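I have placed the structure first, in the form of structure tokens, so that the comments after it can refer back to it.
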Amino acid sequence: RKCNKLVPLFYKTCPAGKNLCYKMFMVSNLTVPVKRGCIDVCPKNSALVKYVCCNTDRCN
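10 is the number of the first residue of the sequence shown in this note's numbering; add one for each residue after it.
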């Protein structure tokens, strides 16, 4: 599967060695949208980057 989104106008896929996907943003740093990538596990988030992890069609 792949992630059909990463930013407000971006999209990308992944290999078979990853697991899900997550759009990494900032906490009120810029605005909300920033970037995204693949993932292997999704525990919790942090107070520095918005780790929006998901395994839906927009990720896994």
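Idealized CB from N, CA, C, for every residue including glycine.
- Item | Helix, strand or coil at residue 34 [DSSP, three-state] | The count along the sequence shown starts at 1 and reaches residue 34 at position 25. Three-state DSSP puts residue 34 in a strand.
Alpha carbon to alpha carbon, how far is residue 55 from residue 19? Give it in angstroms, no decimals.
Translated into the one-based positions of the sequence shown, residue 19 becomes position 10. Translated into the one-based positions of the sequence shown, residue 55 becomes position 46. Rounded to the nearest angstrom, the two C-alpha atoms are 23 Å apart.
What separation, rounded to the nearest whole angstrom, lies between the Cα atoms of residue 28 and residue 14? Here residue 28 refers to the residue found at position 19 when the sequence shown is read from its first residue. Here residue 14 refers to the residue found at position 5 when the sequence shown is read from its first residue. Whole-angstrom Cα-Cα distance: 15 Å.
Name the DSSP beta bridge partners of residue 45, please?
By one-based count along the sequence shown, residue 45 stands at place 36. 32, per the DSSP bridge assignment.
- Find out if the Cβ-Cβ distance for the pair residue 59, residue 41 is shorter than 9 Å. The residue you call residue 59 lines up with position 50 of the sequence shown. The residue you call residue 41 lines up with position 32 of the sequence shown. Result yes, Cβ atoms of residue 59 and residue 41 sit closer than 9 Å.
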